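A.B. asks: Fold the following.
(6 chains, ligands or ions: 39)
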Amino acid sequence: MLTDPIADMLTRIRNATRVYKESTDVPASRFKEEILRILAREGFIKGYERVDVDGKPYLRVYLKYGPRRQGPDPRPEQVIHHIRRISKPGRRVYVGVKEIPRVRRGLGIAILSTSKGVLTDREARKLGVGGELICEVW
Amino acid sequence: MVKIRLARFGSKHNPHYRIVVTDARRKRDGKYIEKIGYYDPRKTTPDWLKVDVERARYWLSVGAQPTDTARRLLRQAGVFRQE
Amino acid sequence: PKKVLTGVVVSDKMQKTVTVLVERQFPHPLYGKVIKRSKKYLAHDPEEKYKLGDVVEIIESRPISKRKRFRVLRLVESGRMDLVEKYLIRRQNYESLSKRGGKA
Amino acid sequence: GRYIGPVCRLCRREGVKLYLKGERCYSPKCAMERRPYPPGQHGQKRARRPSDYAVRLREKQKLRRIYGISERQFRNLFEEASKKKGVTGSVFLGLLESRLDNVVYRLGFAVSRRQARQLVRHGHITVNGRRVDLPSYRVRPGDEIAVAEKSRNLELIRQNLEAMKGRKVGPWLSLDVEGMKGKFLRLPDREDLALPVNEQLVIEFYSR
Amino acid sequence: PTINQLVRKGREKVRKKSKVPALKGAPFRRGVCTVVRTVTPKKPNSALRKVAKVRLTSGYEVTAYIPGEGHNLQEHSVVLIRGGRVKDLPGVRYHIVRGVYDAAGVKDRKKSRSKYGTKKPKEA
RNA sequence: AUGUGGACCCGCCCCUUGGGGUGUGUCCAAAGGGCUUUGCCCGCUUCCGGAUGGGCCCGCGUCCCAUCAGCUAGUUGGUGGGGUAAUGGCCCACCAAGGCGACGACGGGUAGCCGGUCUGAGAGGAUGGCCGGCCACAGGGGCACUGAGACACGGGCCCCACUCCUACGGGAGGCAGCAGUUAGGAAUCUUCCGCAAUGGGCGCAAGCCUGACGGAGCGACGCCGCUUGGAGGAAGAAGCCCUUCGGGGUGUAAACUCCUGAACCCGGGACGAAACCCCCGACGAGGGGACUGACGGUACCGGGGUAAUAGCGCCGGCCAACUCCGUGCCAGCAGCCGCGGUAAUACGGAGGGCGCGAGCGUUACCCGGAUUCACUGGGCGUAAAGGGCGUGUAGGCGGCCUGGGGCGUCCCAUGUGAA
Ligand SMILES: [Mg+2]
Ligand SMILES: [Mg+2]
Ligand SMILES: [Mg+2]
Ligand SMILES: [Mg+2]
Ligand SMILES: [Mg+2]
Ligand SMILES: [Mg+2]
Ligand SMILES: [Mg+2]
Ligand SMILES: [Mg+2]
Ligand SMILES: [Mg+2]
Ligand SMILES: [Mg+2]
Ligand SMILES: [Mg+2]
Ligand SMILES: [Mg+2]
Ligand SMILES: [Mg+2]
Ligand SMILES: [Mg+2]
Ligand SMILES: [Mg+2]
Ligand SMILES: [Mg+2]
Ligand SMILES: [Mg+2]
Ligand SMILES: [Mg+2]
Ligand SMILES: [Mg+2]
Ligand SMILES: [Mg+2]
Ligand SMILES: [Mg+2]
Ligand SMILES: [Mg+2]
Ligand SMILES: [Mg+2]
Ligand SMILES: [Mg+2]
Ligand SMILES: [Mg+2]
Ligand SMILES: [Mg+2]
Ligand SMILES: [Mg+2]
Ligand SMILES: [Mg+2]
Ligand SMILES: [Mg+2]
Ligand SMILES: [Mg+2]
Ligand SMILES: [Mg+2]
Ligand SMILES: [Mg+2]
Ligand SMILES: [Mg+2]
Ligand SMILES: [Mg+2]
Ligand SMILES: [Mg+2]
Ligand SMILES: [Mg+2]
Ligand SMILES: [Mg+2]
Ligand SMILES: [Mg+2]
Ligand SMILES: [Zn+2]
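C.D. replies: Numbers count the residues shown, from 1 in each chain, chains lettered A, B, ... in the order given. Ligands and ions are numbered 1, 2, ... in the order given. Take a look at the structure below.
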């Protein structure tokens, strides 16, 4: 049993990209899917897809990196530089709308879940809604 | 009873009063019921008296009693002018 | 508004009176996490109507005694001795915490 | 003055001409020319690599001495320019330049700010018409700064507004040499001040 | 520590031990000398440091340093003390205010006059 | 006696805890005074409402010690009394055996609480001093009387401790009101003026009372404004200080030339004050009139007019500012690091320099830098830190899908958030 499945997906991604994998299977939950939706919209992933490993259902996540650099260590810049859980089990984090944080003067996002559904910060802000601050990504 | 009186607010040799409603038993500068005007006895500005006859008339109707120079000021703003 | 609380009857042991246990979540002022926290009310039960385990709304009211300042307003969910048992073990524990132990 | 004492010895410490003593500072006699090193016994020696603190100190001294203000008075302005909306650097310089004692020296009523201080403390100056003898008085825009009526023909303000015939006055001030009036049009645009002082450093000093 | 931990146990605030029980933690206590003495410094110093044991109004008997070139303190002098370690003499935590009460000023000093307690000498 | 009306028992209706009607019965009122005297003014009585003030109850918040872990017998609840304006073990009798605690009971320590203050980038930390609000207290401990209200600071009773009176029996006191004295202490003010203003009590009013208050007084205790001068003035006095013996420093500083004119003198001289009151009108609205200033001959205005106090700290690094002499691990300095053992920019003095300036230093305390109790914001292989190991109680935490509820969470409106 994963104690925090969301943290795990965020991590599975973090770990996958640092070795520049092509893709990574996370075991599948509606919620997780709803988050990748955002990642894919904002362009941190090339997109996700509901494969089906070994009997049970996953979300193959297709990753994205920069162009090959030059010098020593060509390895590309990461698109997902950084991706952290904010609220966690046993210390939940809920901002109201006046306190949704601004990630990197907007160069990054913060996914939060609201009663109008899973949204970025700019989205919640427009929609006039706060909620459980899920994570930040930049 | 509840009074309508002056509350001293300026500074040493710089008197400004707040015209106030309050139970007669407060200190003169303590917690009051409602400010309903102000008075600068030096007329240091064009705007040295100010009342709000509506509220002044309200408190009179429930039997606030104004001190002798509060009523003088109230009259001077035509609280009592009935014509 | 007279305050209205909802709770579990955890004591019948009195004449015309029930102990009612009332929880309340809330986020911790400094450290964030949501903390449970509970308090027992003595409530006025003049029909000795409500029984151990019943879940009752309790209402603010004019004093009946020391301690008794609430009356049992209505019955929400009848019977559920889990809560009573939960609460019951908590006081069972108490026995341990002292100066000795063993079989005590 | 407020400092009161050897003036061109500060000229030499800051290493810049400061023009505190009026018109002799234009003559080939101001010490800055043909004696440009600091005061004191060691003033002509190999000067050590000055610390980061030293440089921010001196630039503040450089500014404060040029205006003849104290320091408690100086700090109280900077802090007011801090709390004030806008660029706190050049909001400072505007307040400084709004001091009546300085505005009088800008309108060339006196050859220096110190001589301009005395004319104010001695009631030789009107603002909008009534006497103001407070050198710290803040000139606001719209205000008209006259020579005092019964002063107008002292031996000094005669020969000083005579020098101001044909001379030019800062962009932010008018001036009328006939009746000896002058107006404060606008707080100075930072460009208007030719101030030999990187006020960016002065902000940096008051934040240790 | 986990949040649940920090919720259960606290953090733990601190505690400034007062390096000078001038009991009343006032800024000066008056006291009477009981011993004038001389003390050896420590570590890599040598000299003869002047020192009085003082019995205080704060009900305390403590040892104070006697700052200055020379002093005038005897086994019954009444003195004002003021706090201030002497790095060399362990257990000397307070100074004696020179120029107050039985402790004379400091005979003929031109420089740091406020400390040591001597008036502005007269001159044209 | 009158009964508008109200109170109480019983009933009935509507409400819904003791709210509002209604019937019978019972019970319950009052005070006179003044006149510009038949009809006004000031009072009195009952009831209903308003306004102001308050009692009581509840949710939630409020420091340290667990080297305080168990506590409780009016204890917890019931019935019925008592008591009160009123709920209540508030108190009493009887009955049941409850109540409380690891979400910290009981005990100990410390503390008036808040608006706010200080610090901080913030989150935090610290604090409750002036002013404002609540509470409590009036030599210490009880208590009730009077009353709308008190269990009453300048009211009453008793007990205790002091001081005073005392004819030895007995009495009189209570500045934590304003001043003031003494004691303690590092340290904290005048036995001042005035009721002119504002406010309070009584009076129809005139007025009286008001150490509330409005002022003045002392202390650089804080803040703020201001002065000890301005312009000119040498290749650059004198003394003092260096020196490579040429020079260099203090230094435009002084002297000195001119200019202004703090102090001081003379003259005028306030605002704060227009009401109460009297007249007209009508004792209303409205108009007219008169009286009144502690501060004070002060503020300010005008006329004269003198070049008129500068101090304190620091100069090894951190930290702006270096030279000579004296001193010899001494005398001394010292926030920390460290100076001084005969060439000391660190001691003592001198010259010079730096920083502030009617102030500058010191001590003390608070927050800060201190992500050095880390929520923001830290750690534990060897730096301090994994429990010797397990078991598994409380508790914390919990996989994927659907539905209901809507506690947490979020949103809008609104009330509150006094000064
Ligand atoms: Mg040695
Ligand atoms: Mg040594
Ligand atoms: Mg020294
Ligand atoms: Mg009768
Ligand atoms: Mg106390
Ligand atoms: Mg911090
Ligand atoms: Mg006493
Ligand atoms: Mg008593
Ligand atoms: Mg009465
Ligand atoms: Mg009574
Ligand atoms: Mg009394
Ligand atoms: Mg009392
Ligand atoms: Mg008394
Ligand atoms: Mg007194
Ligand atoms: Mg004494
Ligand atoms: Mg006083
Ligand atoms: Mg009066
Ligand atoms: Mg007073
Ligand atoms: Mg007038
Ligand atoms: Mg009068
Ligand atoms: Mg240096
Ligand atoms: Mg030597
Ligand atoms: Mg030296
Ligand atoms: Mg030193
Ligand atoms: Mg000053
Ligand atoms: Mg901290
Ligand atoms: Mg520490
Ligand atoms: Mg942390
Ligand atoms: Mg650490
Ligand atoms: Mg080891
Ligand atoms: Mg170790
Ligand atoms: Mg182990
Ligand atoms: Mg071990
Ligand atoms: Mg479990
Ligand atoms: Mg779940
Ligand atoms: Mg659970
Ligand atoms: Mg909800
Ligand atoms: Mg609100
Ligand atoms: Zn010059």
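A.B. asks: Show me what from chain B comes close to RNA strand F.
C.D. replies: Proximity of chain B to RNA strand F is assessed by C-beta under 7 Å from any atom of the strand, with B:1-3, B:5-8, B:12-13, B:15, B:17, B:23-31, B:33, B:41-43, B:62-64, B:67-72, B:75-76, B:78, B:80-83 identified as the residues in range. (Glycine included, C-beta is placed from N, CA and C.)
A.B. asks: Out of the residues you listed, list just those in strands.
C.D. replies: Within the residues of chain B next to RNA strand F, residues falling in strands by DSSP state E are B:2, B:3, B:5, B:6, B:7, B:8, B:17, B:23.
A.B. asks: can I get these in TSV with distance to chain C and neighbour count?
C.D. replies: What follows is these, written out as TSV (distance: C-beta to the nearest C-beta, whole Å; neighbours: other C-beta atoms under 10 Å in any protein chain shown):
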residue	distance to chain C	neighbour count
B:2	30	15
B:3	35	20
B:5	38	23
B:6	41	22
B:7	36	19
B:8	42	11
B:17	41	20
B:23	29	13
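A.B. asks: what two of those residues are the furthest from one another?
C.D. replies: The most widely separated members of those are B:2 and B:8, with 19.0 Å between them, by C-beta to C-beta.
A.B. asks: Tell me how chain A divides into domains.
C.D. replies: Taking curated CATH domains as the domain assignment, the ranges for chain A are A:3-80, A:81-138.
A.B. asks: Comparing those, which comes out most buried?
C.D. replies: Each of these was scored by mean neighbour count; the highest is domain A:81-138, a mean of 16, by mean count of other C-beta atoms under 10 Å in any protein chain shown.
A.B. asks: wait, does it contact chain C?
C.D. replies: Yes. When contact is scored as C-beta under 8 Å from any C-beta of the partner chain, part of domain A:81-138 falls within range of chain C: A:90, A:91, A:92, A:93, A:94.
A.B. asks: Of all the strand elements in chain C, which one is longest?
C.D. replies: strand C:4-14.
A.B. asks: For it, buried residues please.
C.D. replies: In terms of neighbour count (16 or more other C-beta atoms under 10 Å in any protein chain shown), strand C:4-14 has its buried residues at C:5, C:7, C:8, C:9, C:10, C:11.
A.B. asks: Quick one: list the elements packing against that strand.
C.D. replies: strand C:17-23, strand C:38-44, strand C:55-60, strand C:70-77, helix C:81-93 (3 or more C-beta pairs under 8 Å, 6 or more residues apart in numbering or on different chains; DSSP states H and E).
A.B. asks: The last one packs against which elements?
C.D. replies: Applying 3+ C-beta pairs under 8 Å, 6+ apart, we find helix C:81-93 packed against strand C:4-14.
A.B. asks: Report the angle between the strand it packs on and strand C:70-77.
C.D. replies: For strand C:4-14 against strand C:70-77, the angle between stretch directions is 100 degrees (axes from the mean of the first three to the mean of the last three C-alpha atoms, to 10 degrees).
A.B. asks: Extract the C-alpha trace of strand C:4-14 and format it as CSV.
C.D. replies: Once non-C-alpha atoms are left out, strand C:4-14 reads as follows in CSV (Å, rounded to 0.1, in the frame of the first residue of the first chain):
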residue,chain,number,x,y,z
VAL,C,4,-26.5,22.8,19.0
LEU,C,5,-24.0,20.0,19.3
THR,C,6,-24.2,16.4,18.1
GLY,C,7,-22.8,13.6,20.2
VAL,C,8,-22.8,10.0,21.6
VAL,C,9,-24.5,9.1,24.8
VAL,C,10,-21.8,7.3,26.9
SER,C,11,-23.5,7.3,30.3
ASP,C,12,-27.0,6.2,31.5
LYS,C,13,-25.7,6.0,35.1
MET,C,14,-27.7,9.0,36.2
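A.B. asks: Neighbours of residue 1, how many?
C.D. replies: All of this refers to chain A. Residues lying near residue A:1 (other C-beta atoms under 10 Å in any protein chain shown) number 3.
A.B. asks: I was after chain C.
C.D. replies: Burial of residue C:1, expressed as a neighbour count using other C-beta under 10 Å, amounts to 5.
A.B. asks: Tell me how far it lies from residue C:42.
C.D. replies: For residue C:1, the distance to residue C:42 (C-beta to C-beta, to the nearest Å) stands at 21 Å.
A.B. asks: Residue E:80 now?
C.D. replies: Following C-beta to C-beta, the distance that separates residue E:80 from residue C:42 is 64 Å.
A.B. asks: ok, now which ones touch residue 56?
C.D. replies: In the absence of a named chain, this looks at chain A. Under the criterion of C-beta atoms under 8 Å, 6 or more residues apart in numbering or on different chains, the contact list for residue A:56 reads residue A:27.
A.B. asks: let's do chain B instead
C.D. replies: So, once contact is read as C-beta under 8 Å, 6+ apart, residue B:56 ends up touching B:4, B:36, B:37, B:74, B:77, B:79.
A.B. asks: Put together JSON lines for those residues, with neighbour count on each row.
C.D. replies: Supplementary listing: the contacts of residue B:56 in JSON lines, determined by neighbours: other C-beta atoms under 10 Å in any protein chain shown:
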{"residue": "B:4", "neighbour count": "24"}
{"residue": "B:36", "neighbour count": "25"}
{"residue": "B:37", "neighbour count": "23"}
{"residue": "B:74", "neighbour count": "22"}
{"residue": "B:77", "neighbour count": "17"}
{"residue": "B:79", "neighbour count": "23"}
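A.B. asks: Which pair of those residues spans the longest distance?
C.D. replies: Across those (C-beta to C-beta), the longest gap, 12.2 Å, separates B:4 and B:77.
A.B. asks: can you pull the buried residues of stretch D:190-206?
C.D. replies: For stretch D:190-206, a neighbour-count test (16+ other C-beta under 10 Å) marks D:192, D:193, D:195, D:197, D:199, D:201, D:202, D:203, D:204, D:205 as buried.
A.B. asks: Dihedrals phi and psi, the nearest residue in space to the fifth one that is not next to it in sequence?
C.D. replies: Right, the one you point to is residue D:199. The shortest distance from residue D:199 to any residue that is not its chain neighbour, by C-beta to C-beta, 6 or more residues apart in numbering or on different chains, is 5.2 Å, and that residue is residue D:89. Residue D:89 has phi and psi values of phi -60, psi -70 when expressed as degrees, to the nearest 10.
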